[PDB]
Every structure is written in structure tokens, then in C-alpha cells.
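What follows is calculated from the coordinates using simple rules that are stated; it is not laboratory data. As a convention, Cβ positions derive from the backbone with ideal geometry for all residues, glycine included, and neighbour counts pool all protein chains shown.
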Amino acid sequence: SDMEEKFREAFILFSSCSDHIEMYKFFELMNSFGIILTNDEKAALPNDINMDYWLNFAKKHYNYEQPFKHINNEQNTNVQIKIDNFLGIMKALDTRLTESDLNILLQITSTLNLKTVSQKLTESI
Amino acid sequence: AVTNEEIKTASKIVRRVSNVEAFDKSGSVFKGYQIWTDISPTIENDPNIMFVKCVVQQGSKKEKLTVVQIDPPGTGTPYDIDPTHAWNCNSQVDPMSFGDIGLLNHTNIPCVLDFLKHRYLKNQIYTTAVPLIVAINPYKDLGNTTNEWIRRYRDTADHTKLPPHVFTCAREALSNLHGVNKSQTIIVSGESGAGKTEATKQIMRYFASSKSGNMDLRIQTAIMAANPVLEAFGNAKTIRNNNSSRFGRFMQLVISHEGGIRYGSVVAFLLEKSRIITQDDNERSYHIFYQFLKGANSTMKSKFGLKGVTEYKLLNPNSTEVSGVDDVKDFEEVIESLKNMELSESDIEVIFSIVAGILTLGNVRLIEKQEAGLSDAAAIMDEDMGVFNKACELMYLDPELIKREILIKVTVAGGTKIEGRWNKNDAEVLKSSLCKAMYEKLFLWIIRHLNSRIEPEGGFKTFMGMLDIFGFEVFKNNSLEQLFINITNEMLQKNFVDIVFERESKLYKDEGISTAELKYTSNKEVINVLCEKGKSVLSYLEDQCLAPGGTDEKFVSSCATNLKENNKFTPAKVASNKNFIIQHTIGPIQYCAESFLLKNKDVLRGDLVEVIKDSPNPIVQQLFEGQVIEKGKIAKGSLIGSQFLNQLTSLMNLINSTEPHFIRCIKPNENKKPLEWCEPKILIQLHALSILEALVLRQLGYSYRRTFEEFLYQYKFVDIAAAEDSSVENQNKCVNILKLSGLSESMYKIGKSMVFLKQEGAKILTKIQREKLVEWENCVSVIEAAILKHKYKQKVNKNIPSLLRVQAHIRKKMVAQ
Amino acid sequence: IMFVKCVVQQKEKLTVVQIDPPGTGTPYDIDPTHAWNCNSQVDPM
Ligand SMILES: Nc1ncnc2c1ncn2[C@@H]1O[C@H](COP(=O)(O)OP(=O)(O)O)[C@@H](O)[C@H]1O
Ligand code: VO4
Ligand SMILES: [Mg+2]
């Protein structure tokens, strides 16, 4: 019902139901909630990541009071970016997506703000 | 040891620039002012020394100064010399205190030589001279090239803290490729054995390293495995360099913003055709020939019938061994590299079957006979007949059809075809031109096989160019091979001088910044005496070849009278009829014009081309892929020199369209020894790479030349509210970005269409950009994953009713048991 | 090698970077008890 039952669901997806997820896919998994660690913290992580460690890491590092804090930047929050200019930042930086990019904007809806995106992503999760 | 003609050039290039102020306000010498001087017996008794550090004696002489030798230590004898031979020297300055040469107080010839002397010998080969970067050949691995260093320059924030290196350049080149989205190019410049090929590999290894491990390295695998094959097939041992590149390498690479090569295109040009057939003494043929006749397995030694390295006519039997090179261990690495290039064991076997065939055909001895009526008509030896028959079956060709085009003279006039017989010397040429074409087409077939797997579909958009050419090479005897190499070097220089000086001078002036002129020496005259169409050494060669009644001797005469003036062309003092000199950027180089027309013409006949195209083997057919079968007189587009210049010309414009980066490699000695400084050889290279000339570019002040648009793409994240602000104009946008980030009125400057900024405040904006980049690198990565998450979720949601049947049937099964 | 030439950047702990012999170019901090005064303008010859 809570986050505990939702975290387990998210592991079986990124691991593709694997017991031991690959380091790179584990980072996709943490980010999907609103978890980003410091350069040092990201080295403190174990060699082989498993479900048991993932769920401990989930409790500690996930934001509960405001699930997506990392999206808020208040110079970037209040400001309105056009749909085309927003995709410009996205297409150059992108490390994941291909055509699921059009589907992210649909999850939000011309001029958008970060507090709108975070609010909609809180309902997505 | 350095030759007198090298000394000749080295002596002439020195010149007195700035007057010596080694005198106190009253009228007596200071507390021992030290000055560099060319006068001392230590300089006379040794070539490697051109200048000694001398201290002015506490005595006097203001008109004809008194000195004593300090570095190197001398007799301590006070000798007097003229002030025209006195150059200002920095004493308090430490050579390892700073990276940029332009930071010295006195930038005279010896002061720069010493600053580089103390950097090389303390094992700090890389020294900047922005935009240029000087890399002196250490001849020993300093470990500064290893993965640890790659990762440093990669993940280190401040560029200011990092010391000069090939990676400083590799990162700043990739910083603009993604920063502004402009294609960039890296250019390794320098003479034969300066370190071009090795530096290319280091910068390639840098781009190979990725921050995030989530990339398809399958393409990046073939890209890196190609290089030790390209050096086995294209590089050979010379007296100048033991890993001398006899081919010109050019790459185009799409690299990720974190690291790693997505796609590439290795385009190799001009392979030294003569190196396959004949090699000079102490000089060796292509590494792969020796590697295959040493490291081949017992199965290939019997199937191909391989003999010893000495037993081949196309291989110098005395030069067979190279110091510090194990052709067996290299071969092991070469075979695995071929596998990594997606070549099957069948494809690799055929590659070496052709090589075995080439080697075997060379050993076959053609002899004179009283045939055709005109006599001397060639014939394949009775004992060497089986040798020839085995070779043709090794290259997968008809042994009777290859024999016919080499022994029978086929000449067609108008309509009526005429049959004859080729002479002894003529058939030896046909045998040689066949081996040359088989090797060159095979070498280029591997390039095509590589490009077939590594090339991006829909070409390149924003790629990274890299140019590894054959550096200036001078031997006792220089020919057309040496002529084409030195032309490449002069060409790379003309475009360097243009971009770095001529264009920058006009840019600052047109923008309304600096009206001041840039002083530099260009090769404009010497490049025209070789490459200007109609009036050049290359154009007169083509005219002699296309002309039926034209000789090698007639060519020299054709140049000597036409290219008489401008000085750059000087015909030889000894045997002027067959020899000539060119006043290169590295000094005078004499070429023996013997076989110049024959070498320029050497490109396999259409008669033998059809035999290799009709082959029952697929690889042997694919060598002459879409090749124009030509018969009769050689066309202007078929001539090697003409085909070379046009290939070079096209390549240069491709580089002119991008944003180049220059690496200037220096070969410190000919003896090939580490921590050995030879002032003459280095000084010539300080001129030929325009290192001393690159100092004038300090006058510009500003180290950022980009349009309002280019500034707004790379920098907008500082404040997106005033950057996206449609109402305010772009000229006013760029200035407001610098207002929020905070800048003094001295760091920035308006500009007509460009935005000029000194390096002084450049990193201050770049770090302020990074403070807003990191908070958005994660912000991008969180939203990007939150959707990537729901992609799997929505795809699973549609499969839920199908799973509800698996589980209901499982519950059913649990009831039965 | 027993001693390396370093340089203070920008205190009870010095922001030193190894210069002679050339190093990683990493600014590290060390105790002043291991800091000896060096002559720079002085020529050994
Ligand atoms: N960065 C380097 N570190 C150490 N040795 C080097 C370096 N660059 C070149 N060398 C030396 O120089 C030799 C020739 O280098 P190379 O790049 O192949 O020259 P070229 O430009 O003539 O092709 C190598 O065999 C090696 O000993
Ligand atoms: O030896 V070179 O590769 O510079 O021709
Ligand atoms: Mg080179």
C-alpha cells in the first residue's frame, strides 16, 4: 500500500526481474523516485546491489514530505520555459530516452514550470 | 649527431630582437647580470649546444661587454664579446613554476629553448603556448599517459589547477563539441619521429573513456583494435623513426558528452607503394610482413608454404630485426585486433593468403629471351615456374591470365588489336605494379571493412576530427615519396598559419577590437612553388607524364627555367640535370628526380584489374570495387601525384570548416635517446611549428571569440529568465548574463557580432555555469528516470490480463496436488 | 627522492601542489612542520 510495496515493484522493473541489478540500472532506479547522492556517497555503494540493500537505501535516501525536492531548481521554479526550448536542453543532455520524450510532455499538459512537472511526477509515482 | 645542413638552417634562423639592459642607473655593471650567448668554445666543440649561460664580469666594458661562462661550467676565463650576441635572460623565473611559454619576461630564442630544456629534462614534456601546445618526445613512458591520468583530466573541475598535457587539449576540444555544438579537429604536427602517431592514440584513449558505464562499446572496440593493425600494415621502420607512418590517417568521431565513441570513420591515404618492393639498408618494410613471417602458426607455415624473413626478394634480409620490437608478440595482438574488427577466421586467413601470395610473386625471377623478333622478351624461369603458379593460387587468380598480361604485350589501336611480348625490365615492372596494387587495395579493404561496421547511418553532424600525417623526412637520398610527404607537411602549415594568424588578425579588426597587426612567417611562396596549379613542381611533373616525349631530366629543366625566380626553387649544384632543391620551412631538401615520372605513373593497368575483379574469392573481387578499367594513355585523374593533391585539397577544406586544435610535437635528437637535448634540431622545429611566432597572439588579450548566438547556447543557464526573455535583444541578453554572474568592465568587451572575453574571467563564468549545470544535470536525470520508470509500468499493465491466466491455471494445478 | 618542491595556492594548513618533480597537479594540504623555506631566484651555477 505504502512506499515499501512500491519500491519492490520498481526493482523488478529496472533489474528486469534480476536478483542482482547492474550498478548503472540501480542509479536509474534511485533517480526515478528523487534520489541523488554526492560524489563520495556514490562511491560508498556496494559492488553487487541486491533487493535487500536497495530497500534499506530506499528508506534512508527517499524524500517523503516532498517526494521530488531535486526538481525545484526559486529562480528555475517560478520561471516559464517554452515546450520547444525545454526539449532543446533535453535532446543535448539525454542519457536515456529515444521517443518516450513526447510522452513526458503529455504527462505535464506551451510555457511550463518545474513546480508543475514535480507535482505531476508525484502523482505518477 | 646532427648534419651540417641542419646546422646551416639552425644558425640562420637565430636573430637579435630585444636590447640588453645589464647596466645600473649610475654607470657600472650589476651584481653579475647573466646573458645567453652563441660565442664560447663549448658551442664550437659540440653541436647540441648553441648557447651558453654567461655572466657579465663586475669589471666593465659597456661597448664590448666582459663575460664568464657559468652554464655549462667553463674554465672560468673572462672573455669579451659584442653586445649583438647578448640576449636578455630571466634568472628568478622557475621553469616548472608555470605552463604557458608566454609568461616569461624575455621571450628570445635561447630563453624559450632553456624554458623547454628544464621542462623536458625534469620530465614535463607538455608546455602550452595557447592556442598551440608543445609535446617534446621523451622516448620513454612517463606513465602520464595511463588511465589514472585520463580519469584525472576527465573528472577534474578546474582546468586552471591541471598541468599542460594532450588530455588538457582533448577535454577542451570535447568541451566545445558539446558546449556550442560545433565540429572540432585535433592536428598532430611535427617531423618524422616527433610523436604524432603516439599522441593521436593518447587523445583517442581519452575519448574511449566514458564517465557512465551504459554504452555500446561494440563500435568503440573495432575503432581501437584498428590502430595496431593500421601500424602493422601502414607503418614501417626507417632510419629516422622505427614506427614511421607511410600512410596519412584521418578520423571523424561522434563522442558522448560523458565520454566514449558512438561512431567513427578512419580514412587512410597515400601509402608508400615503393616500401613493399624495395627498402634501403638499415630500413625495414611494413611490420605485418615481418610479423607474419615470424609469428604465423605451423598450419599457415605449410598451407601457404612460408619461408624465412631473409628468403624474400621484397624484404631486406639484413634489416629484418628492430630493437625493442618483438614482431611475434605484436602479431598475437594483431590477430585478436582483426577478430575485434568483426572479421571471421575465414576473412583473416584470406588477408594473409594474399600477403603470402604477394611475397611469393616477388621471389619469381623473370629472364631475357630471343622472342617477339625484337628480342629481350621476358620469360618466367623453369625452376621459378612452380613458385609463380603457387603465388597466383594464393592470391586466388587465374595463373595463366596473370602470366598473359605480364608476358604478352597487348596494345589496341583504333579498332585493330595488336599482340606482342613485354621485355625483361618491363615484365618486372608489371610484376611489381601488381604486388603494389594488391597490398594497397587490401590495406584499404580493411579500412572499408572497418568503416562498414563503425560508420554512422545518416553521416556525421558534430564530429571530432583527428589528423595523423607523415612528418617531414630528410635522408641522404630523397625521392618522389619524400617529395609528397614534405608537401603534406607544408600544406598543413599553410592552413595553420592562415587560421591561427591571418584569420584571427582580420577577425579582431572586423569586430572593431584591435586594429594591430600580427607578425608571422608564412610558407605562401614555398607552398606555391609546389602546389600552385599551372606554375608548380607538382603541375610540371603532370605535364611531363601526360606528354609522350617527356623525360625525368626534361622535368628538372621544365622547373629550373619557369620556377627560376622567387628563390624557393634552387636547382642542385651537383648533377642539376637529375637533381633539385626546395627551400622548405625546415630548410633546403635535395631530391634525386630519378624515376619521378615512373613513380607518379605507377597505378595498375586495366588488363590485370579485370583478372582481380573476376576472382572466385569474394575479398579478392572487393579490392578493385567500382574501379575504372582504363586502357591506353594514363589520364590526369589516374596520375598518383594529381590524385594525391586533389585528395589532400578536399581534406583541408573539411578541416577548415571545423574548429582546429594544434599539437606541436618536437623530436629532441636523432640518436633516439631520452633526456638528450639538441638545441639545433629543436630550434628548427620551434620555427617550423611556429611556436615562437605563436607568442605574438598575446597582443589580442581576449581568449574567447564567439557570436551572441554561440554565447547564448553554451551559456543561458546562469539566468534563464533574462536569457529566454524574448522582448530584450540578443546583444543585450549576453551582457545581462555577465551582469548576474558579476563581472568587472575589463574582463568582457561588446564586439560587433562577436563576444570578446579574456581568459582572466572565462573560467569565472564557466564555474558559475557549472554551479547551475550540476543542479540541472541531476534535475534532468530525475525527470528522465521517472518517465523511464512508467515506460516499464505501462508496458506491464497491458500484460496483467495475460498473467491472470498463468496464475489462475497455477492455482488450478495446486488444487489437483 | 626524499623531498619534492611544492607551492602554496590560497592558514594553519598549506594548499600545496607538487611542482618538482611534476605531479598529478592535485592541491593537497600538509602540516607546516614539514615546510622548509626555499630560495627561488637563486641560480645553482
Ligand atoms: N608521449 C610519448 N611518450 C613516450 N614515447 C613517445 C611518446 N610519443 C612518441 N614516443 C616515442 O617516439 C617513437 C615514435 O613515435 P610516433 O608517434 O610513432 O612518430 P611519428 O609521428 O613519426 O609517426 C615511439 O616509438 C616512442 O618511443
Ligand atoms: O615518421 V612519420 O610517421 O612522422 O612519417
Ligand atoms: Mg606523425
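Condition check ((1) under 22 Å from A:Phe86 (Cβ atoms); (2) within 14 Å of another protein chain (Cβ to nearest Cβ); (3) acidic (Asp, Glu)) across all residues:
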site	(1), (2), (3)
B:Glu679	no, no, yes
B:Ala694	no, no, no
B:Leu700	no, no, no
B:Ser703	no, no, no
B:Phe717	yes, yes, no
B:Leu738	no, no, no
B:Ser741	no, yes, no
B:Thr766	no, no, no
B:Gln769	yes, yes, no
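Determine whether B:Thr185 is more than 16 Å from ligand 2 (Cβ to nearest atom) and either not in a helix (DSSP H, G or I) or not aliphatic (A, V, I, L, M) (or both). Break it down stepwise before answering.
On the way: more than 16 Å from ligand 2 (Cβ to nearest atom): yes; either not in a helix (DSSP H, G or I) or not aliphatic (A, V, I, L, M) (or both): yes.
For B:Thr185, the condition - more than 16 Å from ligand 2 (Cβ to nearest atom) and either not in a helix (DSSP H, G or I) or not aliphatic (A, V, I, L, M) (or both) - is met.
Exactly one condition in (1) more than 23 Å from B:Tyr713 (Cα to Cα); (2) at the interface with another protein chain (Cβ under 7 Å from one of its Cβ atoms); (3) within 14 Å of the chain's Cα centre (by Cα) is not met by A:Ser100; state its number.
Here A:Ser100 clears every test but (3).
For B:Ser60, are the conditions met, namely being among the hydroxyl-bearing types (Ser, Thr, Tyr), part of a loop (DSSP other than H, G, I, E, B) and under 36 Å from the mean Cα position of the chain (by Cα)?
Details: among the hydroxyl-bearing types (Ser, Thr, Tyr): yes; part of a loop (DSSP other than H, G, I, E, B): yes; under 36 Å from the mean Cα position of the chain (by Cα): no.
In short, no.
Would you please name the residue that is nearest to the other protein chains (Cβ to nearest Cβ), looking only at residues in region B:94-122 that are farther than 22 Å from B:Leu675 by Cα and either over 29 Å from the mean Cα position of the chain (by Cα) or not β-branched (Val, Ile, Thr) (or both)?
The qualifying residue nearest to the other protein chains (Cβ to nearest Cβ) is B:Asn105.
Within region B:394-418, count every residue that is in contact with a helix residue (DSSP H, G or I) (Cβ under 8 Å, 6 or more places away or on another chain) and within 24 Å of B:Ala356 (Cα to Cα).
Qualifying residue count for the region: 12.
In region B:200-217, is there at least one residue being buried (at least 23 other Cβ atoms within 10 Å of the Cβ) and among the small types (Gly, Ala, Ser)?
No, region B:200-217 has no match at all.
Between B:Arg284, B:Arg275, B:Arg240, B:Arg249, which is assigned to a loop (DSSP other than H, G, I, E, B) and either among the polar types (S, T, N, Q) or crowded, with 20+ Cβ neighbours inside 10 Å (or both)? If you could, list the steps in order and put the result at the bottom.
Details: B:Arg275 fails: assigned to a loop (DSSP other than H, G, I, E, B); B:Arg240 fails: either among the polar types (S, T, N, Q) or crowded, with 20+ Cβ neighbours inside 10 Å (or both); B:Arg249 fails: assigned to a loop (DSSP other than H, G, I, E, B).
The conditions single out B:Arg284.
When region C:1-25 is examined, which residues are found to be facing chain B (nearest Cβ under 8 Å) and either touching a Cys at 6+ places or on another chain (Cβ under 6 Å) or polar (S, T, N, Q) (or both)?
Across region C:1-25, the qualifying residue is only C:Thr24.
Restricting attention to region B:464-487, and to residues there that are within 12 Å of ligand 1 (Cβ to nearest atom) and outside any strand (DSSP E or B), which single residue is farthest from the other protein chains (Cβ to nearest Cβ)? Let's see the steps before the verdict.
Quick first cut of region B:464-487, residues within 12 Å of ligand 1 (Cβ to nearest atom) only: B:467-473, B:485.
With outside any strand (DSSP E or B) added as a condition, the list becomes B:469-473, B:485.
Details: B:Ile469: 29, B:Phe470: 31, B:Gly471: 26, B:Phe472: 29, B:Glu473: 31, B:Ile485: 34 Å.
Once the filter is applied, the top-ranked residue is B:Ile485.
When you scan region A:1-66 for helices (runs of 4 or more DSSP H) that lie fully inside it, which ones turn up with 3 or more residues that are acidic (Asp, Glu)?
Working: elements: A:3-14, A:23-31, A:51-61.
Correct list: A:3-14.
Would a scan of region A:74-90 turn up a residue that is in contact with a helix residue (DSSP H, G or I) (Cβ under 9 Å, 6 or more places away or on another chain), of a type in the set (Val, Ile, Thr), exposed (fewer than 14 other Cβ atoms within 10 Å of the Cβ) and in a helix (DSSP H, G or I)?
yes
Return only the number of the condition from (1) under 21 Å from B:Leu639 (Cα atoms); (2) surrounded by 16 or more Cβ atoms within 10 Å (Cβ to Cβ); (3) not hydrophobic (A, V, I, L, M, F, W, C) that B:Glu473 does not satisfy.
It is condition (1) that B:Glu473 fails.
I'd like the residue in region A:106-122 that is touching a strand residue (DSSP E or B) at 6+ places or on another chain (Cβ under 9 Å) and exposed (fewer than 15 other Cβ atoms within 10 Å of the Cβ) and, out of all such residues, is nearest to the other protein chains (Cβ to nearest Cβ).
At the first step, the residues of region A:106-122 found to be touching a strand residue (DSSP E or B) at 6+ places or on another chain (Cβ under 9 Å) are A:110-114.
From the residues that got through so far, the ones that are exposed (fewer than 15 other Cβ atoms within 10 Å of the Cβ) too are A:110-111.
On the way: A:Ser110: 12, A:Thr111: 10 Å.
The extreme case among them is A:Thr111.
Within region B:511-540, can you find the residues that are assigned to a loop (DSSP other than H, G, I, E, B), surrounded by 18 or more Cβ atoms within 10 Å (Cβ to Cβ) and among the β-branched types (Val, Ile, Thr)?
B:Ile513 - this is the single residue of region B:511-540 that is assigned to a loop (DSSP other than H, G, I, E, B), surrounded by 18 or more Cβ atoms within 10 Å (Cβ to Cβ) and among the β-branched types (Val, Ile, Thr).
What residue, among those in region B:163-204 that are in contact with a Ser or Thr (Cβ under 6 Å, 6 or more places away or on another chain) and among the β-branched types (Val, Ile, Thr), is farthest from ligand 1 (Cβ to nearest atom)?
Only one residue tops the list, namely B:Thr185.
Among the residues of region B:228-250 satisfying the criterion of being within 13 Å of B:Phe289 (Cβ to Cβ) and near ligand 2 (Cβ under 9 Å from one of its atoms), which is farthest from the other protein chains (Cβ to nearest Cβ)?
Here the residue is B:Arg246.
Within region B:225-237, which residues are assigned to a loop (DSSP other than H, G, I, E, B) and either surrounded by fewer than 19 Cβ atoms within 10 Å (Cβ to Cβ) or small (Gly, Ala, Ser) (or both)?
Passing the criteria: only B:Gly234.
Report every pair of residues separated by at least 6 positions or lying on different chains whose Cβ atoms are under 7 Å apart, first residue within region B:140-154 and under 22 Å from B:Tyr120 (Cβ atoms) and more than 9 Å from chain C (Cβ to nearest Cβ), second of a type in the set (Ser, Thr, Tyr) and surrounded by 11 or more Cβ atoms within 10 Å (Cβ to Cβ).
B:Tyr153/B:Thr168
Please give the helices (runs of 4 or more DSSP H) falling wholly within region B:644-736 in which 3 or more residues are within 30 Å of B:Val112 (Cα to Cα). Working first, answer last.
On the way: elements: B:679-688, B:708-714, B:720-723.
Those helices (runs of 4 or more DSSP H) span B:679-688.
If you take the residues in region B:639-677 that are among the small types (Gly, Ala, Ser) and farther than 16 Å from B:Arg249 by Cβ, which one is farthest from ligand 3 (Cβ to nearest atom)? Steps first, answer last, please.
Step one: filter region B:639-677 for residues among the small types (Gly, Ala, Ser), giving B:641-642, B:650, B:657.
Next, from what is left, pick out any that are farther than 16 Å from B:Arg249 by Cβ: B:641-642, B:657.
Working: B:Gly641: 22, B:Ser642: 25, B:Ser657: 23 Å.
Ranking the candidates gives B:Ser642 first.
Being part of a loop (DSSP other than H, G, I, E, B) and within 14 Å of chain A (Cβ to nearest Cβ) is the filter here, so list the residues in region B:252-272 that pass it.
Step one: list which residues in region B:252-272 are part of a loop (DSSP other than H, G, I, E, B), which gives B:256-260, B:265-266, B:270-272.
Of everything in region B:252-272, those that are part of a loop (DSSP other than H, G, I, E, B) and within 14 Å of chain A (Cβ to nearest Cβ) turn out to be B:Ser256, B:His257, B:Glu258, B:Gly259, B:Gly260.
So how many residues does region B:330-344 have that are within 19 Å of B:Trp445 (Cα to Cα) and among the acidic types (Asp, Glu)?
Within region B:330-344, the subset within 19 Å of B:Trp445 (Cα to Cα) is B:334-344.
The next check asks that each one be among the acidic types (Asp, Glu); those that pass are B:336, B:342.
Result for region B:330-344: 2.
Based on this model, can you work out whether B:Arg421 counts as in contact with a helix residue (DSSP H, G or I) (Cβ under 7 Å, 6 or more places away or on another chain) and in a loop (DSSP other than H, G, I, E, B)? Before the answer, list the steps.
On the way: in contact with a helix residue (DSSP H, G or I) (Cβ under 7 Å, 6 or more places away or on another chain): yes; in a loop (DSSP other than H, G, I, E, B): yes.
Here the answer is yes, as B:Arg421 does meet what is asked.
For region B:209-223, indicate whether the set of residues that are within 16 Å of ligand 3 (Cβ to nearest atom) and of a type outside the set (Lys, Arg) is non-empty.
No, every residue in region B:209-223 fails to be within 16 Å of ligand 3 (Cβ to nearest atom) and of a type outside the set (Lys, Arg).
Just for region B:70-111: of the residues that are assigned to a loop (DSSP other than H, G, I, E, B) and charged (D, E, K, R), which one is surrounded by the most Cβ atoms within 10 Å (Cβ to Cβ)?
Just the residues of region B:70-111 that are assigned to a loop (DSSP other than H, G, I, E, B), to begin with: B:72-78, B:81-82, B:86, B:89-99, B:104-108.
In the following step, the residues that additionally are charged (D, E, K, R) were identified as B:82, B:94.
Numbers: B:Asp82: 11, B:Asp94: 15.
Among those that are assigned to a loop (DSSP other than H, G, I, E, B) and charged (D, E, K, R), it is B:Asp94.
Can you name the residue in region B:456-493 that is under 21 Å from the mean Cα position of the chain (by Cα) and among the acidic types (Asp, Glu) and, of all such residues, is farthest from ligand 2 (Cβ to nearest atom)?
My answer is B:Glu490.
Kindly indicate the residue of region B:172-222 that is charged (D, E, K, R) and farther than 21 Å from A:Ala92 by Cα and also farthest from the other protein chains (Cβ to nearest Cβ) among those meeting that condition.
Kept after step one, since they are charged (D, E, K, R), are these residues of region B:172-222: B:172, B:182, B:191, B:196, B:198, B:201, B:205, B:211, B:216, B:218.
Next, only the ones that are farther than 21 Å from A:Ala92 by Cα stay: B:191, B:196, B:198, B:201, B:205, B:218.
Values: B:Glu191: 25, B:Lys196: 23, B:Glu198: 19, B:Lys201: 21, B:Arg205: 18, B:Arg218: 17 Å.
Among them, the one singled out is B:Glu191.
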